[PDB]
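A short write-up of the structure that comes next.
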Ligand SMILES: [Zn+2]
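In the entry's author numbering, the protein residues as written are 1 to 431.
And the structure:
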């Protein structure tokens, strides 16, 4: 038994790892490369898709599912297991990827073909292929998120996928992994832990209080898959002490996802499940409004506050949020609140730099609006949490993250007495 990395090796995008054991060949995740590496999506998988017996999916994010349609595109026709949640979320996610995609590497034909082979698999359910036994573990990174426990040949392998940030309240706690012979783990935040959730929420409400009372606009760039609605959960549960203001979820995508949430109750925390039981939907705070078209979205640019606005892209790589910033950043009474990680060398980091003005949609705009960075809202397990999850495991191979982060995590693991290595593309590791 051995696992072969085929993405997310000394990098963060591209998750896909071939499991070779018991004459069977299981594909663990199959995501697209993003950012600067985006062209690699056109390159070859590094293995014959046609020779895959089955593929498992940890969660619906593009960086872990994005290259599945390409897998079918080239022949593969086996089953693709995932949680109901991961399945339903994937449809929304992929149809959007198709639509919002400059240079395609797969077609609509490849999409339904892929969606068509998806087969449900829930936490604690065991799959069997030859002597190989597979099952999903609770990851708490998204609804339906999970880590893979592969067991066979007298060995045991644990694949982490993306471990969530246990401190938040929407998803349930990640599960400790079973003691394994080998753990293929992520390290997005191998260098540092996040600011505590609790105090992050507090600082969050603080910002809203001040901004909303002076009739300002609270701008919140956000991803449409889970971050957008988690922010709406906070609003929903602290909305009793917040000044009245319309809440605009300026992202059709984010809405579709929201609509789907009620159908996913089981996948959330006991707290979130308790609300749904009282007949209420904690993802819909008062005055919530989902903006469908550009016309209304642009009117919000020139609409006096107070108002809370949410829009993507979450990395500010484009989207309606730019238009909101282009017209809301020069008023000191408004507040920009980053709730997601901002890549370096981007407008995000650039804005946090705090120059006198910034370029947006071809126009240097004075930066007076106050800026904030609430990292406590990260959906990834921080370094302290990483060390916890990984505790006790004899051997660990690192994926997902930048060399440095992974090395930082590595060093700590090593000094702890654990064996470790950063995965390499192609170079398999013995389970
Ligand atoms: Zn993810």
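C-beta atoms are modelled at their ideal positions from N, C-alpha and C, and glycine is treated no differently.
#1: What are the start and end residues of the alpha helix (DSSP H) that includes residue 131?
#2: Please determine whether the Cβ atom of residue 327 lies at a distance below 6 Å from any heavy atom of ligand 1.
#3: Can you give the Cα-Cα distance for residue 99 and residue 362, rounded to whole angstroms?
#4: What would DSSP say about residue 155, mapped onto helix, strand or coil?
#5: Report the three-state DSSP secondary structure of residue 321 (helix, strand or coil).
#6: So who's on the other strand from residue 380, going by DSSP bridges?
#7: Could you tell me if the beta carbon of residue 194 falls within a distance shorter than 6 Å of some heavy atom in ligand 1?
#8: With hydrogens ignored, establish whether the beta-carbon of residue 162 is closer than 6 Å to any heavy atom of ligand 1.
#9: Could you check if residue 294 is buried or exposed, using at least 16 other CB atoms within 10 Å of its CB as the buried criterion?
#10: For a test of your reading of the model: does the CB of residue 17 fall under 6 Å from any non-hydrogen atom of ligand 1? Yes or no.
#11: Could you check the C-alpha separation between residue 4 and residue 58 for me, to the nearest Å?
#12: Cα separation between residue 61 and residue 148?
#13: Return yes when at least one heavy atom of ligand 1 lies under 6 Å from the C-beta of residue 323, else no.
#14: On a Cα-Cα basis, can you pick out the residue from 144, 82 and 223 that is closest to residue 316?
#15: Within its chain, find whatever has a CB closer than 7 Å to the CB of residue 42; leave out the 5 residues flanking it on each side and keep chain order.
#16: Do you know how far the Cα of residue 273 is from the Cα of residue 233?
#17: Work out the CA separation of residue 132 and residue 200 for me, nearest whole Å.
#18: In the DSSP assignment, what are the bridge partners of residue 138?
#19: So, with DSSP's three-state summary, where would you put residue 298?
#20: For the pair the region 321–331 and the region 343–363, tell me if three or more CB-CB distances fall below 8 Å.
#21: Could you tell me if residue 25 is buried or exposed, where buried requires 16 or more neighbouring beta carbons within 10 angstroms of its beta carbon?
#22: Straight-line CA distance for residue 257 to residue 417?
#23: Using the beta-carbon count (16 or more within 10 Å), is residue 384 buried or exposed?
#24: Over what stretch of residues does the alpha helix (DSSP H) that includes residue 67 continue unbroken?
#25: At which residues does the beta strand (DSSP E) containing residue 252 begin and terminate?
#26: Less than 7 Å separating the beta-carbons of residue 451 and residue 144?
#27: Just the Cα atoms here: how many angstroms apart are residue 401 and residue 368?
#28: Assign residue 226 to one of three DSSP states: helix, strand, or coil.
#29: If you follow the beta strand (DSSP E) that residue 3 is in, where does it begin and where does it stop?
#30: By the DSSP assignment, the alpha helix (DSSP H) with residue 93 in it spans what residues?
#31: Would you kindly report the start and end of the unbroken alpha helix (DSSP H) that includes residue 416?
#32: Quick one: what's residue 352 bridged to in DSSP?
#33: Under DSSP, the beta strand (DSSP E) around residue 108 begins and ends at which residues?
#34: For residue 341, does the three-state DSSP call read helix, strand or coil?
#35: Measuring CA to CA, which of 276, 37, 341 and 420 is closest to residue 227?
#36: On a CA-only basis, which of 161, 181, 280 and 177 is nearest residue 152? Give me that one, please.
The structure says:
#1: No alpha helix (DSSP H) holds residue 131; DSSP gives it neither H nor E.
#2: no
#3: 25 Å
#4: strand
#5: helix
#6: Answer by DSSP bridge pairing: none, since residue 380 is not bridged.
#7: no
#8: yes
#9: exposed
#10: no
#11: 17 Å
#12: 16 Å
#13: no
#14: 223
#15: 105
#16: 12 Å
#17: 43 Å
#18: 146
#19: helix
#20: yes
#21: buried
#22: 43 Å
#23: exposed
#24: Looking at the DSSP string, residue 67 is not in any alpha helix (DSSP H), and its letter there is neither H nor E.
#25: No beta strand (DSSP E) contains residue 252, which is instead part of the alpha helix (DSSP H) from 252–260.
#26: Lying outside 1 to 431, the shown extent of the chain, residue 451 is not represented and no answer is given.
#27: 34 Å
#28: coil
#29: 2–5
#30: 84–99
#31: 403–416
#32: Looking at the DSSP assignment, residue 352 forms no beta bridge with any residue, so it has no partner.
#33: Element bounds for residue 108: not the beta strand (DSSP E) but the alpha helix (DSSP H), 108–115.
#34: coil
#35: 341
#36: 181
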